[PDB]
2 protein chains.
Amino acid sequence: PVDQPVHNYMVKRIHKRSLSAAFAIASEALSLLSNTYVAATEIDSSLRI
Amino acid sequence: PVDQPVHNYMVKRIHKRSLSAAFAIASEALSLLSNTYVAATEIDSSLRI
């Protein structure tokens, strides 16, 4: 009579990371963007695409 | 005329072993056991399971 089961309870810390990157836009691209957002009979399809 | 068959009869002792292990139980487990042995409308199913 010397034996007895034993259990272990380990717990962990989660830590923490992130993400980030650079992505720049030209103003003329935004201008052609604005018309294409309301795509209609106007707005040159070739330049928009 | 000198040849003759010969036989050998070996017999074995079977020896003897056994097994034993420890397994403890808490009184609260037995108490919740008692209600589950008579499982009815009472006796919390979640705690019993």
# chains A, B, ... in the order shown; residues from 1 in each chain; ligands from 1
>>> interface_residues(of="chain A", to="chain B", cutoff="12 Å", atoms="only C-alpha atoms", output="list in words")
residues 1, 2, 3, 4, 5 and 6 of chain A
>>> residues_around(residues="residue 39 in chain B", least_positions_apart="6", cutoff="10 Å", atoms="only C-alpha atoms", output="PDB file with N, CA and C atoms, in the first residue's frame")
ATOM      1  N   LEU B  33     -22.550   9.230  -6.375  1.00  0.00           N
ATOM      2  CA  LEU B  33     -22.838   7.883  -6.845  1.00  0.00           C
ATOM      3  C   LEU B  33     -24.185   7.393  -6.332  1.00  0.00           C
ATOM      4  N   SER B  45     -27.886  15.776 -13.454  1.00  0.00           N
ATOM      5  CA  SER B  45     -27.326  14.924 -14.496  1.00  0.00           C
ATOM      6  C   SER B  45     -25.926  15.372 -14.895  1.00  0.00           C
ATOM      7  N   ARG B  48     -23.513  14.345 -12.182  1.00  0.00           N
ATOM      8  CA  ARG B  48     -23.405  12.890 -12.174  1.00  0.00           C
ATOM      9  C   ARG B  48     -22.526  12.399 -13.318  1.00  0.00           C
TER      10      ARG B  48
END
>>> atom_distance(atom1="CA of residue 38 in chain B", atom2="CA of residue 25 in chain B")
19.5 Å
>>> atom_distance(atom1="CA of residue 37 in chain A", atom2="CA of residue 49 in chain A")
11.9 Å
>>> select_by_dssp(residues="chain B", states="alpha helix (DSSP H)", output="list in words")
residues 27, 28, 29, 30, 31, 32, 33, 34, 35, 36, 37, 45, 46, 47 and 48 of chain B
